[PDB]
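Pasted below: coords01.cif, mmCIF, C-alpha atoms and all ligand atoms.
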data_my_file
loop_
_atom_site.group_PDB
_atom_site.id
_atom_site.type_symbol
_atom_site.label_atom_id
_atom_site.label_comp_id
_atom_site.auth_asym_id
_atom_site.auth_seq_id
_atom_site.Cartn_x
_atom_site.Cartn_y
_atom_site.Cartn_z
ATOM 1 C CA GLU Y 2 -10.870 83.656 62.374
ATOM 2 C CA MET Y 3 -9.890 84.262 58.765
ATOM 3 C CA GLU Y 4 -10.467 80.534 58.462
ATOM 4 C CA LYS Y 5 -14.013 81.033 59.754
ATOM 5 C CA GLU Y 6 -14.644 83.626 57.079
ATOM 6 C CA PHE Y 7 -13.209 81.146 54.594
ATOM 7 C CA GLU Y 8 -15.807 78.525 55.542
ATOM 8 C CA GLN Y 9 -18.490 81.238 55.499
ATOM 9 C CA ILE Y 10 -17.663 82.680 52.067
ATOM 10 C CA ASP Y 11 -17.079 79.187 50.678
ATOM 11 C CA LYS Y 12 -20.273 77.841 52.262
ATOM 12 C CA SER Y 13 -22.289 80.513 50.457
ATOM 13 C CA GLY Y 14 -20.254 80.786 47.255
ATOM 14 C CA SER Y 15 -19.789 84.518 47.653
ATOM 15 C CA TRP Y 16 -16.214 84.956 46.431
ATOM 16 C CA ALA Y 17 -17.280 86.818 43.304
ATOM 17 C CA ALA Y 18 -19.247 89.225 45.503
ATOM 18 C CA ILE Y 19 -16.565 89.593 48.167
ATOM 19 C CA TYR Y 20 -14.016 90.213 45.425
ATOM 20 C CA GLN Y 21 -16.256 92.785 43.788
ATOM 21 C CA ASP Y 22 -16.599 94.627 47.102
ATOM 22 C CA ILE Y 23 -12.843 95.076 47.175
ATOM 23 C CA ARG Y 24 -12.921 96.473 43.644
ATOM 24 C CA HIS Y 25 -15.719 98.918 44.500
ATOM 25 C CA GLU Y 26 -13.669 100.145 47.483
ATOM 26 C CA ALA Y 27 -10.187 100.065 45.930
ATOM 27 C CA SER Y 28 -8.215 103.311 45.932
ATOM 28 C CA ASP Y 29 -8.073 105.453 42.803
ATOM 29 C CA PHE Y 30 -5.255 107.920 42.097
ATOM 30 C CA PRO Y 31 -4.024 109.859 39.053
ATOM 31 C CA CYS Y 32 -1.575 108.178 36.667
ATOM 32 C CA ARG Y 33 -0.762 111.296 34.646
ATOM 33 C CA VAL Y 34 2.924 110.561 33.995
ATOM 34 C CA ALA Y 35 2.121 107.032 32.782
ATOM 35 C CA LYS Y 36 -0.423 108.414 30.309
ATOM 36 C CA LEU Y 37 1.830 111.053 28.737
ATOM 37 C CA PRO Y 38 2.183 110.458 24.965
ATOM 38 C CA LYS Y 39 5.941 110.042 25.314
ATOM 39 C CA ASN Y 40 5.521 107.082 27.675
ATOM 40 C CA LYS Y 41 3.040 105.283 25.463
ATOM 41 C CA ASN Y 42 5.606 102.742 24.262
ATOM 42 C CA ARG Y 43 6.787 102.164 27.842
ATOM 43 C CA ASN Y 44 3.523 100.550 28.878
ATOM 44 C CA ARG Y 45 2.637 96.933 28.098
ATOM 45 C CA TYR Y 46 -1.071 97.296 28.913
ATOM 46 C CA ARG Y 47 -3.291 100.329 28.331
ATOM 47 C CA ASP Y 48 -5.376 99.534 31.429
ATOM 48 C CA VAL Y 49 -2.424 98.936 33.767
ATOM 49 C CA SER Y 50 -0.534 101.986 34.977
ATOM 50 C CA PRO Y 51 1.345 103.108 38.090
ATOM 51 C CA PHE Y 52 -0.103 105.875 40.277
ATOM 52 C CA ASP Y 53 2.024 109.006 40.237
ATOM 53 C CA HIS Y 54 2.310 109.106 44.049
ATOM 54 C CA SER Y 55 3.969 105.709 44.362
ATOM 55 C CA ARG Y 56 5.717 105.204 41.031
ATOM 56 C CA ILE Y 57 9.418 104.441 40.854
ATOM 57 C CA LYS Y 58 11.398 107.152 39.093
ATOM 58 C CA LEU Y 59 14.508 106.293 37.100
ATOM 59 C CA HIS Y 60 17.503 108.384 38.155
ATOM 60 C CA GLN Y 61 18.047 109.590 34.578
ATOM 61 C CA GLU Y 62 17.377 113.167 33.459
ATOM 62 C CA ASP Y 63 15.948 112.351 30.021
ATOM 63 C CA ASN Y 64 12.774 110.378 30.795
ATOM 64 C CA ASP Y 65 12.306 109.017 34.326
ATOM 65 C CA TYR Y 66 9.330 106.768 33.580
ATOM 66 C CA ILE Y 67 8.934 103.041 34.150
ATOM 67 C CA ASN Y 68 5.759 101.092 34.840
ATOM 68 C CA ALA Y 69 6.521 100.189 38.463
ATOM 69 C CA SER Y 70 5.125 100.987 41.916
ATOM 70 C CA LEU Y 71 6.669 100.977 45.364
ATOM 71 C CA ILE Y 72 4.211 99.072 47.562
ATOM 72 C CA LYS Y 73 5.296 100.225 51.028
ATOM 73 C CA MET Y 74 3.598 98.193 53.795
ATOM 74 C CA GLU Y 75 4.076 100.390 56.868
ATOM 75 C CA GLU Y 76 2.771 98.208 59.704
ATOM 76 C CA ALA Y 77 4.310 95.051 58.214
ATOM 77 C CA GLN Y 78 7.684 96.776 57.676
ATOM 78 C CA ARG Y 79 8.173 95.304 54.208
ATOM 79 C CA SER Y 80 8.367 96.977 50.795
ATOM 80 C CA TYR Y 81 8.019 95.436 47.357
ATOM 81 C CA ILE Y 82 8.361 97.007 43.935
ATOM 82 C CA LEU Y 83 5.730 95.665 41.537
ATOM 83 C CA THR Y 84 6.329 96.126 37.838
ATOM 84 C CA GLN Y 85 5.141 94.818 34.458
ATOM 85 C CA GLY Y 86 7.100 92.297 32.470
ATOM 86 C CA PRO Y 87 9.751 94.392 30.668
ATOM 87 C CA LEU Y 88 9.211 95.318 27.031
ATOM 88 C CA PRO Y 89 11.978 95.054 24.384
ATOM 89 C CA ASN Y 90 12.680 98.782 24.843
ATOM 90 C CA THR Y 91 12.428 98.883 28.636
ATOM 91 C CA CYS Y 92 14.747 96.087 29.808
ATOM 92 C CA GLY Y 93 17.478 98.668 30.291
ATOM 93 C CA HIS Y 94 15.111 100.778 32.396
ATOM 94 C CA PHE Y 95 14.245 97.609 34.308
ATOM 95 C CA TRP Y 96 17.784 96.866 35.440
ATOM 96 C CA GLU Y 97 18.464 100.545 36.042
ATOM 97 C CA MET Y 98 15.611 100.436 38.541
ATOM 98 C CA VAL Y 99 16.976 97.261 40.115
ATOM 99 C CA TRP Y 100 20.357 98.894 40.521
ATOM 100 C CA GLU Y 101 19.135 102.302 41.684
ATOM 101 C CA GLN Y 102 16.639 100.813 44.136
ATOM 102 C CA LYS Y 103 19.303 98.422 45.437
ATOM 103 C CA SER Y 104 17.192 95.294 45.039
ATOM 104 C CA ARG Y 105 18.786 91.921 45.741
ATOM 105 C CA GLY Y 106 16.073 89.705 44.353
ATOM 106 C CA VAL Y 107 13.674 89.605 41.410
ATOM 107 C CA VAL Y 108 10.605 87.373 41.496
ATOM 108 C CA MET Y 109 9.131 86.497 38.099
ATOM 109 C CA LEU Y 110 5.773 84.734 38.356
ATOM 110 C CA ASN Y 111 5.049 84.334 34.650
ATOM 111 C CA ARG Y 112 6.736 82.761 31.643
ATOM 112 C CA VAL Y 113 7.953 84.592 28.549
ATOM 113 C CA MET Y 114 5.305 82.911 26.402
ATOM 114 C CA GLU Y 115 1.854 82.226 27.788
ATOM 115 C CA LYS Y 116 -1.177 80.992 25.857
ATOM 116 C CA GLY Y 117 0.852 81.346 22.677
ATOM 117 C CA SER Y 118 1.525 85.046 23.278
ATOM 118 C CA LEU Y 119 4.673 87.008 24.254
ATOM 119 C CA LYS Y 120 3.966 88.148 27.810
ATOM 120 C CA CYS Y 121 7.445 89.422 28.648
ATOM 121 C CA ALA Y 122 10.764 90.316 27.081
ATOM 122 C CA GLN Y 123 13.669 87.898 27.681
ATOM 123 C CA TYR Y 124 15.377 90.439 29.938
ATOM 124 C CA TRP Y 125 18.006 88.148 31.522
ATOM 125 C CA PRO Y 126 20.681 85.929 29.906
ATOM 126 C CA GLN Y 127 19.952 82.248 29.386
ATOM 127 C CA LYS Y 128 23.539 81.104 28.795
ATOM 128 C CA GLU Y 129 26.639 82.018 30.826
ATOM 129 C CA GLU Y 130 28.841 82.710 27.803
ATOM 130 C CA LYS Y 131 26.332 85.168 26.344
ATOM 131 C CA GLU Y 132 26.016 88.028 28.807
ATOM 132 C CA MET Y 133 23.725 90.972 28.077
ATOM 133 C CA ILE Y 134 24.728 94.612 27.822
ATOM 134 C CA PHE Y 135 22.107 97.323 28.088
ATOM 135 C CA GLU Y 136 23.570 100.216 26.137
ATOM 136 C CA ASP Y 137 20.929 102.785 27.032
ATOM 137 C CA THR Y 138 21.308 102.447 30.838
ATOM 138 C CA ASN Y 139 24.947 101.305 30.594
ATOM 139 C CA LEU Y 140 24.588 98.087 32.596
ATOM 140 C CA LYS Y 141 25.895 94.545 32.083
ATOM 141 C CA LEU Y 142 24.170 91.316 33.145
ATOM 142 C CA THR Y 143 25.771 87.857 33.308
ATOM 143 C CA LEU Y 144 24.135 84.542 34.124
ATOM 144 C CA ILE Y 145 26.384 83.022 36.783
ATOM 145 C CA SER Y 146 24.481 79.808 37.468
ATOM 146 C CA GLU Y 147 20.967 78.466 37.735
ATOM 147 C CA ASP Y 148 19.271 75.825 39.886
ATOM 148 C CA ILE Y 149 16.363 74.356 37.905
ATOM 149 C CA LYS Y 150 13.581 72.638 39.847
ATOM 150 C CA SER Y 151 10.320 71.108 38.590
ATOM 151 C CA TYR Y 152 8.080 74.176 38.660
ATOM 152 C CA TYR Y 153 10.547 77.007 39.381
ATOM 153 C CA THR Y 154 14.119 78.056 38.641
ATOM 154 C CA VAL Y 155 16.517 80.059 40.778
ATOM 155 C CA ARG Y 156 19.188 81.962 38.889
ATOM 156 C CA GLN Y 157 22.210 83.795 40.153
ATOM 157 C CA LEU Y 158 23.039 86.847 38.070
ATOM 158 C CA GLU Y 159 25.764 89.473 38.299
ATOM 159 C CA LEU Y 160 24.764 93.032 37.475
ATOM 160 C CA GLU Y 161 27.525 95.514 36.728
ATOM 161 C CA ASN Y 162 27.307 99.290 36.651
ATOM 162 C CA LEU Y 163 29.519 99.805 33.577
ATOM 163 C CA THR Y 164 30.010 103.415 34.643
ATOM 164 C CA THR Y 165 31.532 102.544 38.012
ATOM 165 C CA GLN Y 166 32.494 98.902 37.402
ATOM 166 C CA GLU Y 167 30.684 98.126 40.645
ATOM 167 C CA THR Y 168 28.989 94.698 40.716
ATOM 168 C CA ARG Y 169 26.042 93.198 42.559
ATOM 169 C CA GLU Y 170 24.675 89.694 42.895
ATOM 170 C CA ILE Y 171 21.018 89.492 41.884
ATOM 171 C CA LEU Y 172 18.949 86.410 42.706
ATOM 172 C CA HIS Y 173 16.258 85.621 40.141
ATOM 173 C CA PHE Y 174 13.286 83.564 41.346
ATOM 174 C CA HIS Y 175 11.155 82.253 38.476
ATOM 175 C CA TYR Y 176 7.834 80.476 39.149
ATOM 176 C CA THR Y 177 7.136 78.694 35.878
ATOM 177 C CA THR Y 178 3.815 76.956 36.585
ATOM 178 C CA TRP Y 179 1.442 79.757 37.540
ATOM 179 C CA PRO Y 180 -1.182 80.218 34.799
ATOM 180 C CA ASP Y 181 -1.987 83.754 33.633
ATOM 181 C CA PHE Y 182 -5.104 84.735 35.605
ATOM 182 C CA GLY Y 183 -4.760 81.411 37.387
ATOM 183 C CA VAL Y 184 -3.655 80.053 40.768
ATOM 184 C CA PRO Y 185 -0.748 77.871 41.915
ATOM 185 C CA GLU Y 186 -1.366 74.132 41.687
ATOM 186 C CA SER Y 187 -1.516 74.084 45.467
ATOM 187 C CA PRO Y 188 -0.651 76.343 48.363
ATOM 188 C CA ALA Y 189 2.125 73.847 49.089
ATOM 189 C CA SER Y 190 4.071 74.649 45.945
ATOM 190 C CA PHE Y 191 3.342 78.365 46.350
ATOM 191 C CA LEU Y 192 4.571 78.622 49.946
ATOM 192 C CA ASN Y 193 7.559 76.483 49.092
ATOM 193 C CA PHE Y 194 8.457 79.105 46.481
ATOM 194 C CA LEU Y 195 7.777 82.056 48.798
ATOM 195 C CA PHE Y 196 9.879 80.642 51.595
ATOM 196 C CA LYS Y 197 12.654 79.988 49.102
ATOM 197 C CA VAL Y 198 12.668 83.730 48.380
ATOM 198 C CA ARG Y 199 12.642 84.412 52.125
ATOM 199 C CA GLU Y 200 15.565 82.042 52.738
ATOM 200 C CA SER Y 201 17.680 83.963 50.225
ATOM 201 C CA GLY Y 202 17.576 87.189 52.217
ATOM 202 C CA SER Y 203 16.126 88.987 49.203
ATOM 203 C CA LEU Y 204 13.308 90.329 51.392
ATOM 204 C CA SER Y 205 15.522 91.554 54.252
ATOM 205 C CA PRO Y 206 15.423 95.309 55.077
ATOM 206 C CA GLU Y 207 19.182 95.552 54.618
ATOM 207 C CA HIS Y 208 18.421 95.356 50.877
ATOM 208 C CA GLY Y 209 16.350 97.475 48.530
ATOM 209 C CA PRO Y 210 12.738 96.399 47.922
ATOM 210 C CA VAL Y 211 12.478 93.040 46.178
ATOM 211 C CA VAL Y 212 11.200 93.481 42.618
ATOM 212 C CA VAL Y 213 8.113 91.411 41.882
ATOM 213 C CA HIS Y 214 6.554 90.985 38.478
ATOM 214 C CA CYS Y 215 4.263 88.893 36.327
ATOM 215 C CA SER Y 216 3.081 90.053 32.896
ATOM 216 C CA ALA Y 217 1.311 93.179 34.173
ATOM 217 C CA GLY Y 218 2.621 93.173 37.733
ATOM 218 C CA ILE Y 219 -0.777 93.065 39.427
ATOM 219 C CA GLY Y 220 -2.516 89.688 39.203
ATOM 220 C CA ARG Y 221 -0.072 87.006 40.269
ATOM 221 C CA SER Y 222 2.267 89.630 41.771
ATOM 222 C CA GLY Y 223 -0.518 90.838 44.034
ATOM 223 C CA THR Y 224 -1.277 87.305 45.191
ATOM 224 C CA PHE Y 225 2.401 86.778 46.083
ATOM 225 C CA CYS Y 226 2.837 90.055 47.991
ATOM 226 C CA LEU Y 227 -0.439 89.737 49.835
ATOM 227 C CA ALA Y 228 0.326 86.276 51.235
ATOM 228 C CA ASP Y 229 3.794 87.426 52.247
ATOM 229 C CA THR Y 230 2.612 90.580 54.042
ATOM 230 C CA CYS Y 231 -0.218 88.730 55.823
ATOM 231 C CA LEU Y 232 2.188 86.036 57.005
ATOM 232 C CA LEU Y 233 4.583 88.727 58.201
ATOM 233 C CA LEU Y 234 1.933 90.636 60.180
ATOM 234 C CA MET Y 235 0.770 87.387 61.723
ATOM 235 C CA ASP Y 236 4.421 86.843 62.651
ATOM 236 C CA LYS Y 237 5.006 90.240 64.289
ATOM 237 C CA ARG Y 238 2.539 89.519 67.086
ATOM 238 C CA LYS Y 239 1.945 85.760 66.669
ATOM 239 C CA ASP Y 240 -1.748 86.570 66.372
ATOM 240 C CA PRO Y 241 -3.526 85.068 63.317
ATOM 241 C CA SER Y 242 -6.707 86.706 64.632
ATOM 242 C CA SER Y 243 -5.451 90.222 64.041
ATOM 243 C CA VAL Y 244 -4.791 89.729 60.322
ATOM 244 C CA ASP Y 245 -7.509 91.137 58.070
ATOM 245 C CA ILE Y 246 -6.447 89.941 54.629
ATOM 246 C CA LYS Y 247 -9.123 91.944 52.791
ATOM 247 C CA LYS Y 248 -8.002 95.054 54.663
ATOM 248 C CA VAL Y 249 -4.358 94.288 53.838
ATOM 249 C CA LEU Y 250 -5.113 93.900 50.135
ATOM 250 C CA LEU Y 251 -6.909 97.247 50.223
ATOM 251 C CA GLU Y 252 -3.843 98.774 51.864
ATOM 252 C CA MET Y 253 -1.780 97.428 48.975
ATOM 253 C CA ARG Y 254 -4.205 98.721 46.354
ATOM 254 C CA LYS Y 255 -3.463 102.243 47.543
ATOM 255 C CA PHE Y 256 0.016 101.810 45.986
ATOM 256 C CA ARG Y 257 -0.892 100.016 42.754
ATOM 257 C CA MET Y 258 -4.171 99.343 40.953
ATOM 258 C CA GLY Y 259 -5.889 95.973 40.633
ATOM 259 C CA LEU Y 260 -3.671 93.794 42.799
ATOM 260 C CA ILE Y 261 -5.213 90.295 42.639
ATOM 261 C CA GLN Y 262 -7.137 90.014 39.350
ATOM 262 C CA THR Y 263 -9.696 87.251 40.007
ATOM 263 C CA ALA Y 264 -11.895 86.073 42.887
ATOM 264 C CA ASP Y 265 -10.063 82.750 42.731
ATOM 265 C CA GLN Y 266 -6.674 84.375 43.310
ATOM 266 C CA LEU Y 267 -8.248 86.031 46.359
ATOM 267 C CA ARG Y 268 -9.538 82.666 47.563
ATOM 268 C CA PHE Y 269 -6.078 81.227 47.014
ATOM 269 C CA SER Y 270 -4.457 84.070 49.000
ATOM 270 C CA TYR Y 271 -6.626 83.001 51.926
ATOM 271 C CA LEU Y 272 -5.624 79.364 51.466
ATOM 272 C CA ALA Y 273 -1.911 80.233 51.247
ATOM 273 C CA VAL Y 274 -2.010 82.447 54.323
ATOM 274 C CA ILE Y 275 -4.050 79.970 56.362
ATOM 275 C CA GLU Y 276 -1.642 77.147 55.467
ATOM 276 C CA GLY Y 277 1.370 79.397 55.973
ATOM 277 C CA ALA Y 278 0.092 80.214 59.444
ATOM 278 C CA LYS Y 279 1.034 76.652 60.470
ATOM 279 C CA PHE Y 280 4.712 77.513 60.124
ATOM 280 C CA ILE Y 281 4.401 80.989 61.653
ATOM 281 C CA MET Y 282 2.772 79.516 64.772
ATOM 282 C CA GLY Y 283 5.540 77.098 65.750
ATOM 283 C CA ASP Y 284 5.214 74.113 63.428
ATOM 284 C CA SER Y 285 8.528 74.324 61.611
ATOM 285 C CA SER Y 286 8.164 70.805 60.167
ATOM 286 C CA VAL Y 287 5.409 71.958 57.773
ATOM 287 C CA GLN Y 288 7.983 73.717 55.600
ATOM 288 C CA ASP Y 289 9.531 70.365 54.730
ATOM 289 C CA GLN Y 290 6.109 68.917 53.974
ATOM 290 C CA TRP Y 291 5.535 71.734 51.501
ATOM 291 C CA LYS Y 292 8.843 70.991 49.823
ATOM 292 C CA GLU Y 293 7.750 67.344 49.456
ATOM 293 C CA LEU Y 294 4.217 68.124 48.254
ATOM 294 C CA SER Y 295 5.640 70.558 45.691
ATOM 295 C CA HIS Y 296 7.755 67.897 43.952
ATOM 296 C CA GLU Y 297 10.480 70.365 42.967
ATOM 297 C CA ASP Y 298 12.758 67.449 42.082
ATOM 298 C CA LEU Y 299 13.092 66.857 38.320
HETATM 299 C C1 LIG J 301 -9.919 92.973 37.952
HETATM 300 O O1 LIG J 301 -9.660 94.398 37.791
HETATM 301 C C2 LIG J 301 -9.236 95.120 38.855
HETATM 302 O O2 LIG J 301 -9.059 94.624 39.948
HETATM 303 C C3 LIG J 301 -8.997 96.584 38.625
HETATM 304 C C4 LIG J 301 -9.632 97.512 39.527
HETATM 305 O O3 LIG J 301 -10.440 97.124 40.579
HETATM 306 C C5 LIG J 301 -9.459 98.913 39.382
HETATM 307 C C6 LIG J 301 -8.661 99.431 38.348
HETATM 308 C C7 LIG J 301 -8.021 98.543 37.443
HETATM 309 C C8 LIG J 301 -8.161 97.098 37.541
HETATM 310 O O4 LIG J 301 -7.508 96.189 36.615
HETATM 311 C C9 LIG J 301 -6.698 96.759 35.562
HETATM 312 C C10 LIG J 301 -6.045 95.768 34.627
HETATM 313 C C11 LIG J 301 -6.546 94.858 33.747
HETATM 314 C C12 LIG J 301 -5.544 94.051 33.008
HETATM 315 C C13 LIG J 301 -5.347 94.208 31.596
HETATM 316 C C14 LIG J 301 -4.373 93.420 30.929
HETATM 317 C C15 LIG J 301 -3.588 92.476 31.656
HETATM 318 C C16 LIG J 301 -3.772 92.303 33.066
HETATM 319 C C17 LIG J 301 -2.987 91.337 33.917
HETATM 320 O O5 LIG J 301 -3.182 91.396 35.289
HETATM 321 N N1 LIG J 301 -2.347 90.428 35.863
HETATM 322 C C18 LIG J 301 -1.663 89.793 34.884
HETATM 323 C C19 LIG J 301 -0.643 88.672 35.138
HETATM 324 O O6 LIG J 301 0.499 88.721 34.398
HETATM 325 O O7 LIG J 301 -0.854 87.817 35.967
HETATM 326 C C20 LIG J 301 -2.074 90.375 33.584
HETATM 327 C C21 LIG J 301 -1.483 89.875 32.275
HETATM 328 O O8 LIG J 301 -2.477 89.402 31.378
HETATM 329 C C22 LIG J 301 -4.756 93.103 33.721
#
Can the structure from this file be put into structure tokens for me?
Ligand SMILES: COC(=O)c1c(O)cccc1OC/C=C/c1cccc(-c2onc(C(=O)O)c2CO)c1
Amino acid sequence: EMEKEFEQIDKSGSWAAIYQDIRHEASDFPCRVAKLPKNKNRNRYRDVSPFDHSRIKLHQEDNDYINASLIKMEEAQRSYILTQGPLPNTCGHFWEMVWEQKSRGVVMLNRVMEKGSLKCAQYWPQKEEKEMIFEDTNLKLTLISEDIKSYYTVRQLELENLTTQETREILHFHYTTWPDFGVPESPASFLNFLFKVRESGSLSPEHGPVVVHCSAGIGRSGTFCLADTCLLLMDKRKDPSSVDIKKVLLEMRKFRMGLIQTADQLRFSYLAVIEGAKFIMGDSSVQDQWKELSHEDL
């Protein structure tokens, strides 16, 4: 019936209003640690901070801060860690979190340079022979291989705890065609990407929460996590009718502020979910159609 509401809202162009209702009702919690003078240079955006109750703490004794939130979806049984695009001084902190939280995958939904502006540090190696060493957190990162597609790239990295010489394989999923404050070209390409992450096991419970990020870790990241959670709930009981997307987004906003930044991203979330439902309900051949429609082939 979410599709009914879609026709309704669309029919009466009330997405801006619907979206504003969610903002008026969104949770609001203190972000004291994020605002401490010492963590000023650890935040990319003044207006984007993690709540204290759900922030990820680095296991270091010096300063345990990092702009990241653990979005823990109870009913859905899935957790994601949303974070901002790392800054030049926080890449070490970024991989420390990945290691400490035991994440297997990292989903980047933005590009390093957007609209002629640096939206994220180049926190992973681009060439196999030039690995990166993060002196502050004592970690080493090596590009092992990368599969480049038309609008997204999947990299295989090796992360090594230089202190224990223990190594882990990290899968890096990079969506390169999602405009800042924009929406995927189509839900086909989006779902194709999402399912690719799902195929990798990165979202399994046997692994730490997958780390999701865009430039701030709220706009495009929210859109991604919302569609995934909604499709998962729908899957648990095979009942599209029992999935209240607006209510799910509100449940997510209790863990991090401003998930989904525009009324169009919200509208897209609906589209993505509705289309994704086709696969969840027994039509496994739609996944191939998405792959085709996406045109991932160079
Ligand atoms: C629309 O606003 C809200 O929903 C909201 C709210 O209801 C309550 C409290 C705070 C809120 O937003 C705070 C952040 C503004 C804000 C400021 C600067 C950048 C971004 C941003 O968001 N997503 C991205 C991306 O990389 O895709 C970016 C990168 O440019 C958001």
Produce as a list in words the set of residues near ligand LIG 301 (chain J), where near means within 6 Å with only C-alpha atoms and all ligand atoms considered.
-> residues 24, 46, 48, 49, 181, 182, 215, 216, 217, 218, 219, 220, 221, 258, 259 and 262 of chain Y
Preceding selection exported with C-alpha atoms as a PDB file, keeping the file's coordinate frame:
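Generated file (out37.pdb):
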ATOM      1  CA  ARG Y  24     -12.921  96.473  43.644  1.00  0.00           C
ATOM      2  CA  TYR Y  46      -1.071  97.296  28.913  1.00  0.00           C
ATOM      3  CA  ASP Y  48      -5.376  99.534  31.429  1.00  0.00           C
ATOM      4  CA  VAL Y  49      -2.424  98.936  33.767  1.00  0.00           C
ATOM      5  CA  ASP Y 181      -1.987  83.754  33.633  1.00  0.00           C
ATOM      6  CA  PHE Y 182      -5.104  84.735  35.605  1.00  0.00           C
ATOM      7  CA  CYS Y 215       4.263  88.893  36.327  1.00  0.00           C
ATOM      8  CA  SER Y 216       3.081  90.053  32.896  1.00  0.00           C
ATOM      9  CA  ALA Y 217       1.311  93.179  34.173  1.00  0.00           C
ATOM     10  CA  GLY Y 218       2.621  93.173  37.733  1.00  0.00           C
ATOM     11  CA  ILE Y 219      -0.777  93.065  39.427  1.00  0.00           C
ATOM     12  CA  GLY Y 220      -2.516  89.688  39.203  1.00  0.00           C
ATOM     13  CA  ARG Y 221      -0.072  87.006  40.269  1.00  0.00           C
ATOM     14  CA  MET Y 258      -4.171  99.343  40.953  1.00  0.00           C
ATOM     15  CA  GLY Y 259      -5.889  95.973  40.633  1.00  0.00           C
ATOM     16  CA  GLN Y 262      -7.137  90.014  39.350  1.00  0.00           C
TER      17      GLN Y 262
END
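CA of residue 265 (chain Y) lies 11.3 Å from CA of residue 14 (chain Y).
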When the PyMOL selection byres (((chain Y and resi 150-160) around 6) and not hetatm) is applied to the file above, which residues end up in the set, as an NGL selection string?
-> :Y and (141-149 or 161 or 168-178 or 297-299)
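Shortest separation to residue 89 (chain Y) among Y:116, Y:52, Y:45, Y:101 occurs at residue Y:45, atoms counted being only C-alpha atoms.
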Can you give me, as an mmCIF file with C-alpha atoms, in the frame of the given file, the residues this file yields under the PyMOL selection byres (((chain Y and resi 205) around 12) and not hetatm)?
data_model
loop_
_atom_site.group_PDB
_atom_site.id
_atom_site.type_symbol
_atom_site.label_atom_id
_atom_site.label_comp_id
_atom_site.auth_asym_id
_atom_site.auth_seq_id
_atom_site.Cartn_x
_atom_site.Cartn_y
_atom_site.Cartn_z
ATOM 1 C CA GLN Y 78 7.684 96.776 57.676
ATOM 2 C CA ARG Y 79 8.173 95.304 54.208
ATOM 3 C CA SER Y 80 8.367 96.977 50.795
ATOM 4 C CA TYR Y 81 8.019 95.436 47.357
ATOM 5 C CA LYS Y 103 19.303 98.422 45.437
ATOM 6 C CA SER Y 104 17.192 95.294 45.039
ATOM 7 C CA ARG Y 105 18.786 91.921 45.741
ATOM 8 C CA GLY Y 106 16.073 89.705 44.353
ATOM 9 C CA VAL Y 198 12.668 83.730 48.380
ATOM 10 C CA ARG Y 199 12.642 84.412 52.125
ATOM 11 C CA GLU Y 200 15.565 82.042 52.738
ATOM 12 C CA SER Y 201 17.680 83.963 50.225
ATOM 13 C CA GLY Y 202 17.576 87.189 52.217
ATOM 14 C CA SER Y 203 16.126 88.987 49.203
ATOM 15 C CA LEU Y 204 13.308 90.329 51.392
ATOM 16 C CA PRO Y 206 15.423 95.309 55.077
ATOM 17 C CA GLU Y 207 19.182 95.552 54.618
ATOM 18 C CA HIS Y 208 18.421 95.356 50.877
ATOM 19 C CA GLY Y 209 16.350 97.475 48.530
ATOM 20 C CA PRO Y 210 12.738 96.399 47.922
ATOM 21 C CA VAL Y 211 12.478 93.040 46.178
ATOM 22 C CA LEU Y 233 4.583 88.727 58.201
#
What gap, in Å, lies between CA of residue 193 (chain Y) and CA of residue 231 (chain Y)?
->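 Between these atoms lies a distance of 16.0 Å.
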Per residue of region 181-290 of chain Y within 7 Å of region 59-72 of chain Y, note the shortest atom pair and the distance in Å to one decimal, counting all atoms listed in the file, and order the rows by chain and increasing residue number, as a Markdown table.
| residue | atom | partner | partner_atom | distance |
| --- | --- | --- | --- | --- |
| Y:253 | CA | Y:72 | CA | 6.4 |
| Y:256 | CA | Y:72 | CA | 5.3 |
| Y:257 | CA | Y:70 | CA | 6.2 |
Dump of C-alpha atoms for the selected residues, as an mmCIF file, keeping the file's coordinate frame:
data_model
loop_
_atom_site.group_PDB
_atom_site.id
_atom_site.type_symbol
_atom_site.label_atom_id
_atom_site.label_comp_id
_atom_site.auth_asym_id
_atom_site.auth_seq_id
_atom_site.Cartn_x
_atom_site.Cartn_y
_atom_site.Cartn_z
ATOM 1 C CA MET Y 253 -1.780 97.428 48.975
ATOM 2 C CA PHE Y 256 0.016 101.810 45.986
ATOM 3 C CA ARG Y 257 -0.892 100.016 42.754
#
Apply the PyMOL selection byres (((chain Y and resi 236) around 12) and not hetatm) to the file shown and report the selected residues as a ChimeraX atom specification.
-> /Y:76-78,229-235,237-244,274,277-283
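When only C-alpha atoms are used to compute distances to residue 87 (chain Y), the closest of the residues Y:121, Y:32, Y:192, Y:99 turns out to be Y:121.
Of note, CA of residue 195 (chain Y) and CA of residue 228 (chain Y) are spaced 8.9 Å apart.
Nearest to residue 268 (chain Y) of all the residues Y:2, Y:167, Y:293, Y:11 is Y:11, counting all atoms listed in the file.
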Which residue, Y:292, Y:190, Y:95, Y:83, has the smallest gap to residue 227 (chain Y) when you use all atoms listed in the file?
-> Y:83
Within 10 Å of residue 266 (chain Y), counting only C-alpha atoms, which residues show up once you throw out same-chain ones fewer than 2 positions away? Write them as a PyMOL selection string, please.
-> chain Y and resi 20+182-185+220-221+223-225+260-264+268-272
Taking all atoms of region 212-228 of chain Y that the file lists and extending 4 Å past them on each side, where is the centre of the axis-aligned box and how long are its edges? Answer in Å to one decimal, as lines of an AutoDock Vina configuration file.
center_x = 4.3
center_y = 89.9
center_z = 42.1
size_x = 21.7
size_y = 15.2
size_z = 26.3
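You can rank Y:122, Y:74, Y:37, Y:10 by their closest distance to residue 255 (chain Y) using only C-alpha atoms, and at the top of that list sits Y:74.
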